[PDB]
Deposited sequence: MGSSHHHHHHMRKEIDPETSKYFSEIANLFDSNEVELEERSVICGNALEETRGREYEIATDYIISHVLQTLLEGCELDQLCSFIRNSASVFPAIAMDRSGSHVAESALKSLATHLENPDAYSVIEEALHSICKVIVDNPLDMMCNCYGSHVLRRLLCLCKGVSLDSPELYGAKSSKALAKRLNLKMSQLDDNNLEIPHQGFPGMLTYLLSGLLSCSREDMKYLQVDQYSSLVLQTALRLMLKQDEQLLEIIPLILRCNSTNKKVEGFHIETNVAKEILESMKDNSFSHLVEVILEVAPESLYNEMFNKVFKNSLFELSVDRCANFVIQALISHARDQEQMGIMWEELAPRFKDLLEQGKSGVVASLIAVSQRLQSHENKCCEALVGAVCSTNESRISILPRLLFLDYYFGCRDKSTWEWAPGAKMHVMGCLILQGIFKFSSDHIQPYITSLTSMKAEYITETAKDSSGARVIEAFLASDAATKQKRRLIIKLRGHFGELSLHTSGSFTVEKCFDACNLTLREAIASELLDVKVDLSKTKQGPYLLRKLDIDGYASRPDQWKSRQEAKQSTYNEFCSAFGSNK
């Protein structure tokens, strides 16, 4: 790259920093600057400095000039896409195309641009899929072909609180282009495919494509056998063995997670019987495979599978908790309630797992609230609490699922929570995971007198709870579950902290929802409007 080229693209850069150029002129200058890339797309897109300017250009130009860049650069796009700087240039071009998805006049121009990209990729895909930079480009490209434009963690595919809450049960796009690109990424030998399964970056690409094909059963039934190398759907014994042995690999385990999530019923049933049945517990103790088990459990379809999973895993609930595999337990509990099978057996197995003697069953709640401290401590027969400590996220999610059961199945849990001394209860409410347990109990079908007993034990702390951003929710839910007598006590306690409360983010909504000002000025009128509630 000669100095006139660098000086030119730098000077274009400085010209945009000096915001003396309206958007109208700006998008013209962007398109004109793209012409200075013709014949040297690779050199400029991979330049560690000028790549950043070229990103600015692709995101600020108009659809016609963007499409010309994608067409002119297409024979070198795979090289650009696999470069540490060029990959962000390639991704800028896709993000820019994606801004036009909502425009129906743009459909055929975009499709043509994707076609020239997909054609060069499909011609030689395997190194691009496995390249650390190129894998990100493919992920975005697959998303664009599907018509999604907004990056989502799950699609790329990170963990997210929304997916956990789903796992724990708490635009048309360019379809022919998606199918054509994906078929190109899959038309390799069974022996190549065996190693795509275990390469981090290719696994990530296939995870995205699988997720994008959710509920496209005719396609999923074509692509999943290719990924699993078992080309009616049937897994032969030798292939099932190879799948089972690769299940502890970190890359393949993530891929099988997604496969279980999108698998149509007949495909799921075959994987259940031919791969996982009889190995559930061994896979549940592996640091990678247990998450595959977590996904298997979540998408179980019928009570017969629920029986098989309960036999292999419930006797080992204590082992799973000790070895840091509470997610497996959480999933089994959660799906029993979804399938309406083995509900009582699951709750009773969890109690027995945490409380071996009969004496210790009154402590089921504190021990699940601090799952890791209790199973970690030197002497478990004296562990009572973990003062000051952050409570255990998955133990609290377990409890949140527990309280969605009918009260018939969870009497040990209700008794244990409603028995905790006042200081422990308010400690739970001040904890951002523990408050979700309390709110789950308040929403459960446990008796009102039992709810009222726990709420009464929070008296004297509603002011401080209201100051917590998480605890303030608990205050409303306590309030809504109360008689007039306790609605007034709570309202009175938010009164003493009204100045501080109104500062905080939630305060204004809390004060309004509870009508705290009306209580302070017209207490009789406040009381009579609540007794009507």
**Prompt:** If you line up the deposited sequence with the model, which stretches have no C-alpha coordinates?
**Reply:** 1-14, 185-197, 259-265, 568-582
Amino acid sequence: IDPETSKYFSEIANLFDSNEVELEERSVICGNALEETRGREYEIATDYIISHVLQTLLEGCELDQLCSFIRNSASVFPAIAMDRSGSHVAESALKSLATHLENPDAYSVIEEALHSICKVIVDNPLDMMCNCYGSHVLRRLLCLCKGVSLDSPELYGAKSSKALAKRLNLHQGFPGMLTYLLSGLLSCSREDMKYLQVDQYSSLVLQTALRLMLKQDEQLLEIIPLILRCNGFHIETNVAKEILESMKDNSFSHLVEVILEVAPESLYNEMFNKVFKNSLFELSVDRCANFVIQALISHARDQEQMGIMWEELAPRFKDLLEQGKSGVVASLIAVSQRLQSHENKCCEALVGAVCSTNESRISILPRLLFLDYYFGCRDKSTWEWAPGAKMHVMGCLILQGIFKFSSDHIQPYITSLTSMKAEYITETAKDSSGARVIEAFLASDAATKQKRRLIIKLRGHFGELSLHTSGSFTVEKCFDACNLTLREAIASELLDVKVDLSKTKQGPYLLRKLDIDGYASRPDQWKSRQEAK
From here on, numbers count along this sequence of modelled residues.
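Only the largest set of C-alpha atoms that superpose within 1.5 Å between the two forms is called the rigid core.
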**Request:** Report the stretch with the higher root mean square CA deviation, pooled over structures and residues in 4 other deposited structures of this protein, choosing between 171-179 and 242-250 after a rigid core fit.
**Result:** 171-179
**Complete:** Between 140-148 and 443-451, the one drifting more in C-alpha RMS in 4 other deposited structures of this protein once the core is aligned is 140-148
**Which of 504-512 and 44-52 has higher mean CA B factor, as the PDB entry lists it** = 504-512
**Item:** Selected stretch [higher average CA B-factor]: 200-208 or 295-303
**Value:** 295-303
**Asked** Whose C-alpha has the highest temperature factor in the PDB entry: 228, 443, 155, 178?
**Response** 155
**Request:** Sort 232, 352, 388, 86 by C-alpha B-factor from the entry and give me just the highest.
**Result:** 232
**Prompt:** Can you tell me which third, lowest, middle or highest, the CA B-factor of residue 104 falls into for its chain?
**Reply:** highest
**Prompt:** Would the CA B-factor of residue 288 place it in the lowest, middle or highest third of its chain?
**Reply:** middle
**Prompt:** Going by what the PDB entry lists, where does residue 333 fall on CA B-factor within its chain: lowest, middle or highest third?
**Reply:** middle
**Complete:** In terms of its chain's C-alpha B-factors, the third that includes residue 39 is the lowest
**Complete:** Of the three thirds of Cα B-factor ranks in this chain, residue 322 occupies the highest
